[PDB]
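To keep things clear, I will list the structure first and then write my remarks on it.
Every number in this text was worked out from the coordinates using simple rules, so none of it is lab data. Here the Cβ positions follow ideal geometry from the backbone for every residue, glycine too, while neighbour counts run over all protein chains shown.
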Amino acid sequence: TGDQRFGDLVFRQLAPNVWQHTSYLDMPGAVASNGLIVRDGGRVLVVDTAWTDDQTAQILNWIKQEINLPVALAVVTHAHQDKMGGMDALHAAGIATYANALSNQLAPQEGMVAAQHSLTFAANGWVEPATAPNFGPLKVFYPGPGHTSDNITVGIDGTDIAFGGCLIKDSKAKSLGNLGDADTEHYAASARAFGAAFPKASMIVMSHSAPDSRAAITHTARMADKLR
Ligand SMILES: [Cl-]
Ligand SMILES: [Cl-]
């Protein structure tokens, strides 16, 4: 209970300044996609678009009318439709968009529109600060290939929250979902690297489940072990 709707796109509050935006697409069943909205000082930061441009425009309208702070940047966590399907709506609103350089390189073949800006990463997985200017509380981390080769993750400074995207499944999941683009061999390690990158996080947000505990990370690596 307690999950606010606006148009067709649930917002749920996670922390006083972190909302979960949820949109739905129908996979002829229906499927939820989760993303984040972050209030940091006098601007708004977004993580992940919705499945489509119209849903993404709704997210923007909402920010305008529930937060009323202008959207500074948006970060998308890889080149899949649940994360990137709404790029045009972001660009029409003139919002600076960032993704892993690799996500941007793969976006055309994945049917997605590229972000305007490319994030690069060090060998230890942390984002190069100068490719991510003014991200504020957003801490961007590339844990290695897993769900896709380009998947990145984001921690929120000043919260128990880290966002795993489609990389992490929930603690009671019966599978790792879509392994279509998966790196089987490195998945377990990547799931574990995300865990270790945000060691103090206890609320883990993922793409198709309510926020879960760290058991989500542990369980996902367990399942991925059985792959390799
Ligand atoms: Cl499941
Ligand atoms: Cl942490």
Go ahead and run the numbers for FRET between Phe6 and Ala30, Cβ-Cβ distance against an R0 of 22 Å, rounding to 0.05.
-> 0.75
If each part is reduced to its alpha-carbon centroid, the stretch 186-227 and the stretch 77-124 end up apart, in Å, by 23 Å
Between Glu110 and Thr218, what is the label-to-label distance in nm when each label sits 7 Å out along the Cα-to-Cβ direction?
-> 3.0 nm
Number of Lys pairs in the chain closer than 30 Å at Cα, excluding neighbours under 8 places apart unless interchain, is 19
Distance in nm between label sites at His117 and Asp88, each 7 Å beyond Cα in the beta-carbon direction?
-> 2.4 nm
The extension gain from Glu66 to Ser175, computed as 0.36 nm times the residue separation minus the Cα-Cα distance, is 35.6 nm
